[PDB]
file start-v8.pdb (PDB, C-alpha atoms)
ATOM      1  CA  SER A   1      -9.109  -9.528  19.244
ATOM      2  CA  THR A   2      -9.279  -6.567  16.890
ATOM      3  CA  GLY A   3      -7.286  -3.453  16.090
ATOM      4  CA  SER A   4      -8.163  -0.127  14.454
ATOM      5  CA  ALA A   5      -5.713   2.587  13.440
ATOM      6  CA  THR A   6      -6.028   5.801  11.486
ATOM      7  CA  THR A   7      -3.883   6.164   8.388
ATOM      8  CA  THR A   8      -2.883   9.662   7.245
ATOM      9  CA  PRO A   9      -1.627  10.953   3.881
ATOM     10  CA  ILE A  10       2.017  12.075   4.021
ATOM     11  CA  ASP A  11       1.414  15.083   1.785
ATOM     12  CA  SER A  12      -1.211  17.030  -0.152
ATOM     13  CA  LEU A  13      -1.098  14.555  -3.081
ATOM     14  CA  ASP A  14      -1.713  11.367  -1.076
ATOM     15  CA  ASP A  15       1.676  10.069  -2.239
ATOM     16  CA  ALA A  16       1.553   7.525   0.590
ATOM     17  CA  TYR A  17      -0.165   6.950   3.926
ATOM     18  CA  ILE A  18       1.373   6.535   7.369
ATOM     19  CA  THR A  19      -0.069   4.644  10.313
ATOM     20  CA  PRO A  20       1.313   4.827  13.860
ATOM     21  CA  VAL A  21       2.763   1.543  15.178
ATOM     22  CA  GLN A  22       3.958   0.833  18.732
ATOM     23  CA  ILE A  23       7.190  -1.180  18.900
ATOM     24  CA  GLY A  24       8.893  -2.419  22.039
ATOM     25  CA  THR A  25       8.644  -1.817  25.763
ATOM     26  CA  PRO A  26       8.167   0.973  26.648
ATOM     27  CA  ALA A  27       6.461   1.666  23.329
ATOM     28  CA  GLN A  28       8.384   3.444  20.601
ATOM     29  CA  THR A  29       5.853   4.822  18.131
ATOM     30  CA  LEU A  30       6.935   4.896  14.489
ATOM     31  CA  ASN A  31       4.835   5.966  11.507
ATOM     32  CA  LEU A  32       4.898   3.095   9.028
ATOM     33  CA  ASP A  33       3.724   2.721   5.449
ATOM     34  CA  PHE A  34       1.313  -0.236   5.439
ATOM     35  CA  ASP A  35       2.093  -2.062   2.207
ATOM     36  CA  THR A  36      -0.125  -4.873   0.911
ATOM     37  CA  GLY A  37       2.440  -5.375  -1.887
ATOM     38  CA  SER A  38       5.322  -6.526   0.353
ATOM     39  CA  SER A  39       5.888  -8.695   3.404
ATOM     40  CA  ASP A  40       8.658  -7.148   5.527
ATOM     41  CA  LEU A  41       8.164  -4.977   8.602
ATOM     42  CA  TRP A  42      11.284  -2.821   8.584
ATOM     43  CA  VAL A  43      12.205   0.359  10.392
ATOM     44  CA  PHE A  44      14.696   3.160  10.540
ATOM     45  CA  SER A  45      16.740   2.406  13.618
ATOM     46  CA  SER A  46      19.700   3.230  15.819
ATOM     47  CA  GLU A  47      21.631   0.911  13.458
ATOM     48  CA  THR A  48      20.812   2.879  10.304
ATOM     49  CA  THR A  49      23.836   4.510   8.666
ATOM     50  CA  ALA A  50      23.761   8.017  10.132
ATOM     51  CA  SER A  51      24.078   9.851   6.803
ATOM     52  CA  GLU A  52      20.993   7.975   5.558
ATOM     53  CA  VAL A  53      18.743   9.235   8.374
ATOM     54  CA  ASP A  54      17.120  12.641   7.752
ATOM     55  CA  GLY A  55      14.261  13.418  10.125
ATOM     56  CA  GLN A  56      12.761   9.947  10.589
ATOM     57  CA  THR A  57      11.897   8.556  13.989
ATOM     58  CA  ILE A  58      14.104   5.590  14.787
ATOM     59  CA  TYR A  59      13.602   2.337  16.662
ATOM     60  CA  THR A  60      16.318   1.732  19.268
ATOM     61  CA  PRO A  61      16.185  -1.928  20.268
ATOM     62  CA  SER A  62      18.612  -1.460  23.178
ATOM     63  CA  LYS A  63      15.944   0.718  24.840
ATOM     64  CA  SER A  64      13.275  -1.982  24.578
ATOM     65  CA  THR A  65      13.163  -4.556  27.358
ATOM     66  CA  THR A  66      11.321  -7.005  25.087
ATOM     67  CA  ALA A  67      13.662  -6.738  22.070
ATOM     68  CA  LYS A  68      15.793  -9.761  21.217
ATOM     69  CA  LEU A  69      18.304 -10.071  18.403
ATOM     70  CA  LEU A  70      17.224 -12.770  15.968
ATOM     71  CA  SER A  71      20.669 -14.241  15.746
ATOM     72  CA  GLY A  72      22.132 -14.604  12.279
ATOM     73  CA  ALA A  73      19.107 -13.198  10.467
ATOM     74  CA  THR A  74      19.487 -10.576   7.766
ATOM     75  CA  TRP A  75      17.129  -9.017   5.243
ATOM     76  CA  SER A  76      17.367  -7.114   1.969
ATOM     77  CA  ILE A  77      14.532  -5.867  -0.181
ATOM     78  CA  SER A  78      14.089  -4.052  -3.461
ATOM     79  CA  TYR A  79      10.772  -2.442  -4.331
ATOM     80  CA  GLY A  80       9.110  -1.952  -7.702
ATOM     81  CA  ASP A  81       9.880   1.761  -7.600
ATOM     82  CA  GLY A  82      13.607   1.016  -7.456
ATOM     83  CA  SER A  83      14.053   1.793  -3.763
ATOM     84  CA  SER A  84      15.715  -0.649  -1.361
ATOM     85  CA  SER A  85      16.814  -1.298   2.213
ATOM     86  CA  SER A  86      18.605  -3.973   4.240
ATOM     87  CA  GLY A  87      19.792  -4.893   7.712
ATOM     88  CA  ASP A  88      19.428  -7.322  10.602
ATOM     89  CA  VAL A  89      16.464  -8.482  12.675
ATOM     90  CA  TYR A  90      15.017  -8.284  16.181
ATOM     91  CA  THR A  91      11.882  -9.799  17.595
ATOM     92  CA  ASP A  92       9.781  -7.459  19.720
ATOM     93  CA  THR A  93       6.229  -6.601  20.706
ATOM     94  CA  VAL A  94       4.339  -4.708  18.022
ATOM     95  CA  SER A  95       0.913  -3.131  18.403
ATOM     96  CA  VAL A  96      -1.337  -1.546  15.810
ATOM     97  CA  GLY A  97      -4.473   0.245  16.898
ATOM     98  CA  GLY A  98      -4.751  -1.806  20.084
ATOM     99  CA  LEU A  99      -3.903  -5.192  18.510
ATOM    100  CA  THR A 100      -0.707  -6.674  19.915
ATOM    101  CA  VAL A 101       1.649  -9.297  18.491
ATOM    102  CA  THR A 102       4.490 -10.602  20.621
ATOM    103  CA  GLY A 103       7.609 -11.965  18.953
ATOM    104  CA  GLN A 104       7.089 -10.014  15.721
ATOM    105  CA  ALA A 105      10.120  -9.809  13.428
ATOM    106  CA  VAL A 106      11.162  -6.154  13.344
ATOM    107  CA  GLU A 107      13.714  -5.705  10.584
ATOM    108  CA  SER A 108      16.214  -3.019  11.548
ATOM    109  CA  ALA A 109      17.686  -1.080   8.640
ATOM    110  CA  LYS A 110      21.420  -0.704   8.430
ATOM    111  CA  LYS A 111      21.113   0.795   4.924
ATOM    112  CA  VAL A 112      18.277   2.520   3.071
ATOM    113  CA  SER A 113      18.219   3.961  -0.450
ATOM    114  CA  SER A 114      18.034   7.683  -1.110
ATOM    115  CA  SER A 115      14.276   7.847  -1.649
ATOM    116  CA  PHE A 116      13.722   6.580   1.888
ATOM    117  CA  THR A 117      16.227   9.022   3.386
ATOM    118  CA  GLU A 118      14.607  11.887   1.494
ATOM    119  CA  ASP A 119      11.148  11.136   2.859
ATOM    120  CA  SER A 120      11.190  12.312   6.444
ATOM    121  CA  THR A 121       7.573  11.249   7.047
ATOM    122  CA  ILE A 122       7.992   7.475   6.601
ATOM    123  CA  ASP A 123       9.765   5.661   9.434
ATOM    124  CA  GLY A 124       9.543   2.231   7.771
ATOM    125  CA  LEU A 125       7.192  -0.242   6.123
ATOM    126  CA  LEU A 126       4.718  -2.767   7.489
ATOM    127  CA  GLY A 127       4.170  -5.474   4.885
ATOM    128  CA  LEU A 128       0.735  -7.017   4.487
ATOM    129  CA  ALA A 129       1.246  -9.280   1.457
ATOM    130  CA  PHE A 130       1.762 -13.024   1.972
ATOM    131  CA  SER A 131       4.614 -14.186   4.194
ATOM    132  CA  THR A 132       6.110 -16.183   1.316
ATOM    133  CA  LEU A 133       7.555 -12.851   0.066
ATOM    134  CA  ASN A 134       9.304 -12.044   3.353
ATOM    135  CA  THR A 135      13.036 -11.516   2.721
ATOM    136  CA  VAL A 136      14.536 -12.564   6.058
ATOM    137  CA  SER A 137      17.295 -15.149   5.678
ATOM    138  CA  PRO A 138      18.027 -17.894   6.586
ATOM    139  CA  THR A 139      14.670 -18.223   8.385
ATOM    140  CA  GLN A 140      11.782 -16.480   6.644
ATOM    141  CA  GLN A 141       9.539 -14.493   8.992
ATOM    142  CA  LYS A 142       5.789 -13.899   9.209
ATOM    143  CA  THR A 143       3.980 -10.627   8.635
ATOM    144  CA  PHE A 144       2.176  -8.817  11.422
ATOM    145  CA  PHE A 145      -1.163  -9.986   9.984
ATOM    146  CA  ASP A 146      -0.034 -13.598   9.661
ATOM    147  CA  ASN A 147       1.106 -13.556  13.309
ATOM    148  CA  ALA A 148      -2.116 -11.907  14.513
ATOM    149  CA  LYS A 149      -4.522 -13.905  12.373
ATOM    150  CA  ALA A 150      -5.403 -16.785  14.672
ATOM    151  CA  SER A 151      -6.172 -14.361  17.518
ATOM    152  CA  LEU A 152      -8.394 -12.084  15.449
ATOM    153  CA  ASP A 153     -12.179 -12.267  15.710
ATOM    154  CA  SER A 154     -12.186 -12.848  11.926
ATOM    155  CA  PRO A 155      -9.044 -13.449   9.818
ATOM    156  CA  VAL A 156      -9.304 -10.207   7.873
ATOM    157  CA  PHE A 157      -8.036  -6.695   7.634
ATOM    158  CA  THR A 158      -9.575  -3.761   5.790
ATOM    159  CA  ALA A 159      -8.143  -0.704   4.052
ATOM    160  CA  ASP A 160     -10.245   2.452   3.924
ATOM    161  CA  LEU A 161      -7.924   5.065   2.450
ATOM    162  CA  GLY A 162      -9.036   8.682   2.236
ATOM    163  CA  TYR A 163      -8.827  11.110  -0.648
ATOM    164  CA  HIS A 164      -6.871  14.082   0.692
ATOM    165  CA  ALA A 165      -7.963  12.952   4.166
ATOM    166  CA  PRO A 166      -7.231  10.348   6.832
ATOM    167  CA  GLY A 167      -8.670   6.854   6.658
ATOM    168  CA  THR A 168      -8.555   3.606   8.593
ATOM    169  CA  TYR A 169      -6.909   0.181   8.757
ATOM    170  CA  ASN A 170      -8.959  -2.319  10.766
ATOM    171  CA  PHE A 171      -7.847  -5.791  11.820
ATOM    172  CA  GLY A 172     -10.189  -8.614  12.739
ATOM    173  CA  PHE A 173     -13.554  -7.089  11.835
ATOM    174  CA  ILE A 174     -15.528  -5.460   9.052
ATOM    175  CA  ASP A 175     -17.004  -2.065   9.969
ATOM    176  CA  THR A 176     -20.400  -2.214   8.307
ATOM    177  CA  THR A 177     -20.839   1.546   8.789
ATOM    178  CA  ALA A 178     -17.780   2.341   6.642
ATOM    179  CA  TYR A 179     -19.191   1.579   3.186
ATOM    180  CA  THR A 180     -22.361   1.879   1.141
ATOM    181  CA  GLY A 181     -24.247  -0.955  -0.525
ATOM    182  CA  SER A 182     -22.702  -4.407  -0.405
ATOM    183  CA  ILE A 183     -19.175  -5.778  -0.508
ATOM    184  CA  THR A 184     -18.399  -7.783  -3.657
ATOM    185  CA  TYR A 185     -15.853 -10.516  -3.094
ATOM    186  CA  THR A 186     -13.534 -11.810  -5.785
ATOM    187  CA  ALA A 187     -10.971 -14.616  -6.040
ATOM    188  CA  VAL A 188      -7.316 -14.183  -5.121
ATOM    189  CA  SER A 189      -4.247 -15.986  -6.421
ATOM    190  CA  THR A 190      -1.427 -16.151  -3.887
ATOM    191  CA  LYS A 191       0.972 -17.769  -6.374
ATOM    192  CA  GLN A 192       3.197 -14.682  -6.611
ATOM    193  CA  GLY A 193       2.753 -13.749  -2.930
ATOM    194  CA  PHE A 194       0.446 -10.812  -3.668
ATOM    195  CA  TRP A 195      -3.233 -10.045  -3.234
ATOM    196  CA  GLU A 196      -3.675 -10.781  -6.927
ATOM    197  CA  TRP A 197      -7.125 -10.697  -8.477
ATOM    198  CA  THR A 198      -8.870 -10.161 -11.824
ATOM    199  CA  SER A 199     -10.937  -7.080 -12.545
ATOM    200  CA  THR A 200     -13.834  -7.611 -14.941
ATOM    201  CA  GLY A 201     -13.262  -4.439 -16.987
ATOM    202  CA  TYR A 202     -13.382  -0.681 -17.070
ATOM    203  CA  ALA A 203     -15.102   2.468 -18.229
ATOM    204  CA  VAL A 204     -13.809   5.975 -18.898
ATOM    205  CA  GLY A 205     -16.045   8.790 -17.678
ATOM    206  CA  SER A 206     -19.647   8.256 -18.737
ATOM    207  CA  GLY A 207     -18.557   5.840 -21.452
ATOM    208  CA  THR A 208     -19.686   2.285 -21.973
ATOM    209  CA  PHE A 209     -18.186  -0.441 -19.801
ATOM    210  CA  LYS A 210     -15.625  -2.649 -21.537
ATOM    211  CA  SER A 211     -15.768  -6.228 -20.291
ATOM    212  CA  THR A 212     -12.211  -7.512 -20.195
ATOM    213  CA  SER A 213     -10.173  -9.457 -17.641
ATOM    214  CA  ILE A 214      -7.419  -7.398 -16.008
ATOM    215  CA  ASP A 215      -5.175  -9.355 -13.628
ATOM    216  CA  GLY A 216      -3.462  -7.189 -11.037
ATOM    217  CA  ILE A 217      -2.543  -6.688  -7.405
ATOM    218  CA  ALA A 218      -4.211  -4.710  -4.630
ATOM    219  CA  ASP A 219      -1.240  -2.686  -3.407
ATOM    220  CA  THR A 220      -1.630  -0.022  -0.728
ATOM    221  CA  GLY A 221       2.101   0.716  -0.977
ATOM    222  CA  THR A 222       1.916   1.917  -4.595
ATOM    223  CA  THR A 223       0.605   5.450  -5.152
ATOM    224  CA  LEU A 224      -0.852   5.185  -8.655
ATOM    225  CA  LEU A 225      -3.043   2.911 -10.780
ATOM    226  CA  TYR A 226      -0.947   0.975 -13.329
ATOM    227  CA  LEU A 227      -2.905  -0.730 -16.088
ATOM    228  CA  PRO A 228      -2.306  -2.098 -19.603
ATOM    229  CA  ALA A 229      -1.254   0.455 -22.200
ATOM    230  CA  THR A 230      -4.462  -0.034 -24.165
ATOM    231  CA  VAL A 231      -6.626   0.892 -21.148
ATOM    232  CA  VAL A 232      -4.435   3.827 -20.180
ATOM    233  CA  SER A 233      -4.416   5.219 -23.734
ATOM    234  CA  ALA A 234      -8.220   4.994 -23.829
ATOM    235  CA  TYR A 235      -8.419   7.009 -20.600
ATOM    236  CA  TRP A 236      -6.023   9.805 -21.555
ATOM    237  CA  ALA A 237      -7.509  10.122 -25.039
ATOM    238  CA  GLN A 238     -10.491  11.715 -23.263
ATOM    239  CA  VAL A 239      -8.332  14.527 -21.843
ATOM    240  CA  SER A 240      -7.498  17.264 -24.365
ATOM    241  CA  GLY A 241      -3.774  17.813 -24.569
ATOM    242  CA  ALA A 242      -2.791  14.746 -22.533
ATOM    243  CA  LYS A 243       0.223  12.817 -23.782
ATOM    244  CA  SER A 244       2.782  10.284 -22.704
ATOM    245  CA  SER A 245       6.071  12.004 -22.000
ATOM    246  CA  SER A 246       9.189   9.851 -22.065
ATOM    247  CA  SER A 247      11.143  12.690 -20.434
ATOM    248  CA  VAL A 248       8.749  13.025 -17.485
ATOM    249  CA  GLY A 249       8.127   9.272 -17.213
ATOM    250  CA  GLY A 250       4.444   8.880 -18.017
ATOM    251  CA  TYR A 251       1.230  10.559 -19.002
ATOM    252  CA  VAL A 252       0.955  14.250 -18.310
ATOM    253  CA  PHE A 253      -1.980  16.543 -18.921
ATOM    254  CA  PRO A 254      -2.732  20.262 -18.904
ATOM    255  CA  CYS A 255      -3.374  21.391 -15.360
ATOM    256  CA  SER A 256      -6.378  23.346 -16.727
ATOM    257  CA  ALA A 257      -8.151  20.081 -17.607
ATOM    258  CA  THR A 258     -11.156  18.567 -15.920
ATOM    259  CA  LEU A 259     -10.374  14.835 -15.612
ATOM    260  CA  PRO A 260     -12.988  12.161 -16.300
ATOM    261  CA  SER A 261     -13.696   9.432 -13.783
ATOM    262  CA  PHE A 262     -12.426   5.887 -14.250
ATOM    263  CA  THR A 263     -14.516   2.846 -13.350
ATOM    264  CA  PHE A 264     -13.165  -0.636 -12.687
ATOM    265  CA  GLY A 265     -15.128  -3.847 -12.379
ATOM    266  CA  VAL A 266     -15.224  -6.195  -9.414
ATOM    267  CA  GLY A 267     -17.358  -9.083 -10.566
ATOM    268  CA  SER A 268     -20.658  -7.506 -11.590
ATOM    269  CA  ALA A 269     -19.989  -4.509  -9.310
ATOM    270  CA  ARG A 270     -18.328  -1.244 -10.256
ATOM    271  CA  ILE A 271     -15.951   1.063  -8.362
ATOM    272  CA  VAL A 272     -15.823   4.645  -9.611
ATOM    273  CA  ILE A 273     -12.612   6.630  -9.217
ATOM    274  CA  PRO A 274     -13.526  10.346  -9.436
ATOM    275  CA  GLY A 275     -11.472  12.378 -11.892
ATOM    276  CA  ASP A 276      -9.903  14.479  -9.133
ATOM    277  CA  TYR A 277      -8.305  11.338  -7.655
ATOM    278  CA  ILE A 278      -6.304  11.025 -10.893
ATOM    279  CA  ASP A 279      -4.626  14.464 -10.543
ATOM    280  CA  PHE A 280      -1.094  14.352  -9.111
ATOM    281  CA  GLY A 281      -0.401  17.999  -9.698
ATOM    282  CA  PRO A 282       2.364  19.949 -11.427
ATOM    283  CA  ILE A 283       5.321  17.893 -12.653
ATOM    284  CA  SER A 284       7.589  20.512 -11.040
ATOM    285  CA  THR A 285       6.707  23.540  -8.927
ATOM    286  CA  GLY A 286       4.918  26.176 -10.989
ATOM    287  CA  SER A 287       4.475  23.992 -14.083
ATOM    288  CA  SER A 288       1.169  23.913 -15.952
ATOM    289  CA  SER A 289       1.824  20.274 -16.916
ATOM    290  CA  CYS A 290       0.278  17.906 -14.391
ATOM    291  CA  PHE A 291       1.150  14.268 -13.700
ATOM    292  CA  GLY A 292      -1.496  11.618 -14.267
ATOM    293  CA  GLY A 293      -2.638   9.118 -11.667
ATOM    294  CA  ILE A 294      -3.333   6.342 -14.191
ATOM    295  CA  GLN A 295      -0.164   5.099 -15.884
ATOM    296  CA  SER A 296       0.891   2.190 -18.057
ATOM    297  CA  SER A 297       2.064  -1.020 -16.422
ATOM    298  CA  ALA A 298       4.006  -1.982 -19.566
ATOM    299  CA  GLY A 299       7.480  -2.951 -18.426
ATOM    300  CA  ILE A 300       6.452  -3.412 -14.774
ATOM    301  CA  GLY A 301       5.273  -6.902 -15.614
ATOM    302  CA  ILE A 302       2.134  -6.665 -13.488
ATOM    303  CA  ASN A 303      -0.906  -4.418 -13.228
ATOM    304  CA  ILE A 304      -1.153  -2.560  -9.910
ATOM    305  CA  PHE A 305      -4.334  -1.350  -8.229
ATOM    306  CA  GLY A 306      -2.532   1.197  -6.083
ATOM    307  CA  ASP A 307      -3.859   3.932  -3.846
ATOM    308  CA  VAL A 308      -5.614   5.822  -6.675
ATOM    309  CA  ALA A 309      -7.916   2.821  -7.112
ATOM    310  CA  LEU A 310      -8.088   1.533  -3.555
ATOM    311  CA  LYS A 311      -8.989   4.880  -1.986
ATOM    312  CA  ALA A 312     -12.202   4.890  -4.035
ATOM    313  CA  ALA A 313     -13.310   1.754  -2.161
ATOM    314  CA  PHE A 314     -13.634   0.018   1.161
ATOM    315  CA  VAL A 315     -11.337  -2.985   0.663
ATOM    316  CA  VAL A 316     -11.430  -6.280   2.551
ATOM    317  CA  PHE A 317      -8.287  -8.410   2.613
ATOM    318  CA  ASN A 318      -9.766 -11.757   3.640
ATOM    319  CA  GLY A 319      -7.045 -14.051   4.967
ATOM    320  CA  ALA A 320      -9.218 -17.122   5.401
ATOM    321  CA  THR A 321      -7.776 -20.490   4.349
ATOM    322  CA  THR A 322      -8.677 -19.557   0.785
ATOM    323  CA  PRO A 323      -8.023 -15.813   0.652
ATOM    324  CA  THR A 324     -10.347 -13.423  -1.197
ATOM    325  CA  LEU A 325     -10.646  -9.664  -1.731
ATOM    326  CA  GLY A 326     -13.769  -7.611  -1.169
ATOM    327  CA  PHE A 327     -14.608  -4.183  -2.584
ATOM    328  CA  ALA A 328     -17.443  -1.820  -1.662
ATOM    329  CA  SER A 329     -18.243   1.725  -2.669
ATOM    330  CA  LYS A 330     -18.197   4.291   0.142
TER     331      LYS A 330
END
call {"tool": "encode", "arguments": {"input": "start-v8.pdb", "output": "structure tokens"}}
result
Amino acid sequence: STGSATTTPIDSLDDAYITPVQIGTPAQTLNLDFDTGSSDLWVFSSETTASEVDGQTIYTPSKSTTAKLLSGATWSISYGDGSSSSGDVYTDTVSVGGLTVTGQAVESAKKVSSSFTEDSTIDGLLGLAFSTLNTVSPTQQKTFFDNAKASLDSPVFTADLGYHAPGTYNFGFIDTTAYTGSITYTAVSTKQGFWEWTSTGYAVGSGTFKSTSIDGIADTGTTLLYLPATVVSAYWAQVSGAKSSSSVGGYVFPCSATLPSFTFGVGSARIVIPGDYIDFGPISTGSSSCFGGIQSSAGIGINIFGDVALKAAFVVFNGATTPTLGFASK
């Protein structure tokens, strides 16, 4: 089997991407944030504290003839951005782009943190990291991909995120029309439950490539590119007037600037992030200070190849017995 679904930016900045997901019978379609940095499929629901729901579409398990309470199971998750959610668990039929999993754990939120409430466009998350990170207790549950994998034509999914435009998540096949040149594959460590890999270096604009190993995670659920402070300083030094602002929470730059590109290495291959991808616009409405899309990972504890990086590539998440990651230009 295969599946193919379009993923759509939630706003003009590509702060996140939503993908429609069918849950239950008859289908209830929710727009979920596909997150290769976590491993829970959770949704706003009829059980979510009413004051914490503000415009989201909810899953109502009592209206699904295939929903079953997973007795005794609870979940609770905290994300790197400080947000969180928790609740109980149903199993139900879940379909993405024509690919159907029966008996998928659908984690129903009883509580969500304010950032989730305040984002009316995201109805929940669909985790695509390794199932070892799944938070369901006392019986850990499998991700949608893990459940689907054996049925797929090939045990892979691909992320093809757009810049200020829709893109595609495919399951079970590699669309050879969706990228240019070849796909370069690179080793993955699953030790921390992430799609963790090592970039071979970077360049800023038309500058020389610096060969240096940068361990980090491919994370579709993180907006920005978080890299070591040395790398990030080298980038922003090429933008007149850019500075790290403790009050804003990262590098800012004059909105009048033209940003240089940023290149990262994948083996001997190179992925170029155009400068415009690194612009996250005014820090507040009407400001001439703009927020940068490359930020320091210092104090996160891990480097994160988030959407800023991934949207410059066609990315293969290869879930073979020994997982790997592939990157192509597009």
call {"tool": "resolve_selection", "arguments": {"input": "start-v8.pdb", "expression": "the PyMOL selection byres ((chain A and resi 292-300) around 7)", "output": "ChimeraX atom specification"}}
result
/A:224-229,232,250-253,278-280,290-291,301-303,308
call {"tool": "atom_distance", "arguments": {"input": "start-v8.pdb", "atom1": "atom CA of residue 161 of chain A", "atom2": "atom CA of residue 330 of chain A"}}
result
10.6 Å
call {"tool": "resolve_selection", "arguments": {"input": "start-v8.pdb", "expression": "the PyMOL selection byres ((chain A and resi 210) around 10)", "output": "PDB file with C-alpha atoms, in the frame of the given file"}}
result
ATOM      1  CA  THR A 200     -13.834  -7.611 -14.941  1.00  0.00           C
ATOM      2  CA  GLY A 201     -13.262  -4.439 -16.987  1.00  0.00           C
ATOM      3  CA  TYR A 202     -13.382  -0.681 -17.070  1.00  0.00           C
ATOM      4  CA  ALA A 203     -15.102   2.468 -18.229  1.00  0.00           C
ATOM      5  CA  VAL A 204     -13.809   5.975 -18.898  1.00  0.00           C
ATOM      6  CA  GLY A 207     -18.557   5.840 -21.452  1.00  0.00           C
ATOM      7  CA  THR A 208     -19.686   2.285 -21.973  1.00  0.00           C
ATOM      8  CA  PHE A 209     -18.186  -0.441 -19.801  1.00  0.00           C
ATOM      9  CA  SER A 211     -15.768  -6.228 -20.291  1.00  0.00           C
ATOM     10  CA  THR A 212     -12.211  -7.512 -20.195  1.00  0.00           C
ATOM     11  CA  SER A 213     -10.173  -9.457 -17.641  1.00  0.00           C
ATOM     12  CA  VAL A 231      -6.626   0.892 -21.148  1.00  0.00           C
ATOM     13  CA  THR A 263     -14.516   2.846 -13.350  1.00  0.00           C
ATOM     14  CA  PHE A 264     -13.165  -0.636 -12.687  1.00  0.00           C
ATOM     15  CA  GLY A 265     -15.128  -3.847 -12.379  1.00  0.00           C
TER      16      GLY A 265
END
call {"tool": "closest_residue", "arguments": {"input": "start-v8.pdb", "among": "A:167, A:9, A:323, A:80", "to": "residue 186 of chain A", "atoms": "all atoms listed in the file"}}
result
A:323
call {"tool": "residues_around", "arguments": {"input": "start-v8.pdb", "residues": "residue 143 of chain A", "least_positions_apart": "3", "cutoff": "10 Å", "atoms": "all atoms listed in the file", "output": "VMD selection string"}}
result
chain A and resid 38 to 41 104 to 106 126 to 134 140 146 to 149
call {"tool": "resolve_selection", "arguments": {"input": "start-v8.pdb", "expression": "the PyMOL selection byres ((chain A and resi 287) around 12)", "output": "VMD selection string"}}
result
chain A and resid 252 to 256 281 to 286 288 to 291
call {"tool": "atom_distance", "arguments": {"input": "start-v8.pdb", "atom1": "atom CA of residue 45 of chain A", "atom2": "atom CA of residue 4 of chain A"}}
result
25.0 Å
call {"tool": "atom_distance", "arguments": {"input": "start-v8.pdb", "atom1": "atom CA of residue 87 of chain A", "atom2": "atom CA of residue 121 of chain A"}}
result
20.3 Å
call {"tool": "residues_around", "arguments": {"input": "start-v8.pdb", "residues": "residue 273 of chain A", "least_positions_apart": "3", "cutoff": "10 Å", "atoms": "all atoms listed in the file", "output": "VMD selection string"}}
result
chain A and resid 204 to 205 260 to 264 270 276 to 278 308 to 313 329
